[PDB]
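Protein sequences appear in the order of chains U and C.
Just so we're aligned: the first sequence equals residues 1 to 49 in this note's numbering.
Just so we're aligned: the second sequence equals residues 101 to 149 in this note's numbering.
Beta carbons are placed, not taken as given, at the ideal position from N, Cα and C, and that holds for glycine.
Accompanying notes for the structure given below.
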Amino acid sequence: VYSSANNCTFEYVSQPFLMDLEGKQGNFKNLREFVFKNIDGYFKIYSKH
Amino acid sequence: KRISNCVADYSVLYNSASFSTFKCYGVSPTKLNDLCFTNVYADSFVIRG
Ligand SMILES: *[C@@H]1O[C@H](CO)[C@@H](O)[C@H](O)[C@H]1NC(C)=O
């Protein structure tokens, strides 16, 4: 995902999330929507499965 | 070491007495719980008395 890093400030972990790493060719069963916003430098996340 | 994104707790820092020097330049340590800062840094080294 990157070559290297030098210095930074923020790091967050939250609760663990478990997904499936097996990929198939069948029809979809779930829909996920995400909204990313930036007002006054504040990052906003909106999602609901 | 950079310390950020946490609730500061200096209560155990001044209530103890194992330390020998508790001088705070610039700001006064009598009001520290009412002050909110953006970045907190902490260095560490050993030197003779
Ligand atoms: C990280 O290092 C760069 C030097 O390339 C500097 O410009 C930047 O201010 C540093 N970031 C922080 C948060 O100190």
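Under the three-state reduction of DSSP output, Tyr-125 (chain C) falls in the coil class, being neither helix nor strand. Residue nearest to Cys-106 (chain C) within the set C:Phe-119, C:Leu-132, C:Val-140, C:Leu-113 is C:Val-140 (criterion: CA-CA distance). According to the DSSP secondary-structure assignment, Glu-33 (chain U) is paired through a beta bridge with U:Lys-48. Taking non-hydrogen atoms of ligand 1 into account, the C-beta of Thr-138 (chain C) is found less than 7 Å away from none of them. When secondary structure is reduced to three states using DSSP, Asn-133 (chain C) falls in the coil class, being assigned neither helix nor strand. In this structure, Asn-105 (chain C) has its beta carbon at no less than 7 Å from each heavy atom of ligand 1.
Distance from the CA of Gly-41 (chain U) to the CA of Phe-10 (chain U), rounded to the nearest whole angstrom, comes to 14 Å. Between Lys-48 (chain U) and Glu-33 (chain U), the C-beta gap is smaller than 8 Å, which places the two residues in contact.
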